[PDB]
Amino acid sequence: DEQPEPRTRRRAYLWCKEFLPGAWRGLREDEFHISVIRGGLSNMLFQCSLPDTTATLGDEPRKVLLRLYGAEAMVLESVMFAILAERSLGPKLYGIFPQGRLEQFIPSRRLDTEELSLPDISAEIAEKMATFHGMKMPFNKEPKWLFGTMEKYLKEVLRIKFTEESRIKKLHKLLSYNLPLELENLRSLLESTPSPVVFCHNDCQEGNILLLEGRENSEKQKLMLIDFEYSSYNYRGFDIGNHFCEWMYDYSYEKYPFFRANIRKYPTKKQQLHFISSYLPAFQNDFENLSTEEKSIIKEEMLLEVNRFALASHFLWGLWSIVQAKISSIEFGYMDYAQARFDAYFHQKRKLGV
């Protein structure tokens, strides 16, 4: 288990000792256990724990996750995390301070891309998302996030000047589509596509879904959605369409560009209907008491809705990725990823006949 540098060890020890109750309060520095869960320059994660020989005094956790930010948004993100914790839809919040958070450590692993298509996994994600979508949050209810964000990235993308030859050639090719005009065409399409405004996760990818340890038996209760940093009131179609897009991207791929894209992994009509068939009863509650006529019309229109909004997933994350090619320190093939998203966008446009 990778040890942090002595300084980070000492800081982590002091936060745990001061924010956590019970046996943590009298812990000595020499008794403190910590290891790295994820390095990097931002959102460093560590597991912190009591010695195995140390007894708890009450209901304090034996193990916690320390999240360190590194290099209004903090207020919103913080309040949102605390509310989800109170409602048991996220990890408990044990401590909050300018440099990070102490969270409940959830014994689990992330799902892999291939698991998204498993019937039981997909059905639970649908149910979890419908729950997420149904609740009240003290945030702006106007759906300006989607196009406001897309405009913001496009404005930045148009200003970008690369110096390295590969990035230069790639940006040229992406620019050749006339993105401002394409954004306008997308805007018009989505304007004519009704979709309820709900509290969306906005990044429901496999890496943000935990498979809970000790619960492979549980058909319906084995997942937790995490990482709500992008969450906002947004069109329901975006959340679902974005999730469907994520079937096609595997970020665990070990060589450059550090992802694999496969267009044929997008869910089939059957797979899509299985997802929405689980979503709709969880979101509407009495949905199954409607006529087969009405149920089918709702389902068919919803397929249209989410598949059109999947275009915005491609366009938004495509633009985002170009910006990250300029600003991010992370080892990821951002320009290659942007091209993959735009390739999918035009493919999806062709499939839809739009």
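Between two forms, the rigid core is defined as the largest C-alpha subset superposing within 1.5 Å. Just count from 1 along the sequence shown to find any residue number.
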property: Outlying stretch relative to shown form, 136 to 144 versus 164 to 172 in 8 other deposited structures of this protein, C-alpha RMS (core); result: 164 to 172
property: Greater root mean square CA deviation, 9 to 17 compared with 341 to 349 in 8 other deposited structures of this protein, core aligned; result: 9 to 17
property: Residues of the deposited sequence that sit between residue 72 and residue 71 yet are not modelled; result: 10 or more
property: Stretch exceeding the other in mean C-alpha B-factor - 276 to 284, 231 to 239; result: 276 to 284
property: Mean C-alpha B-factor comparison - 161 to 169 and 81 to 89, higher one; result: 161 to 169
property: Per the PDB entry, maximal CA B factor within 42, 307, 313, 49; result: 42
property: C-alpha B-factor winner, where the candidates are 252, 205, 195, 202; result: 252
property: Chain thirds of CA B-factor: placement of residue 335; result: middle
property: Residue 299 - Cα temperature factor, lowest/middle/highest third of chain; result: middle
property: Cα B factor band for residue 190 (lowest, middle or highest third within the chain); result: middle
property: Within-chain third of residue 33 by Cα B-factor, per the entry; result: middle
property: Third of the chain's Cα B-factor distribution that residue 104 belongs to, per the entry; result: lowest
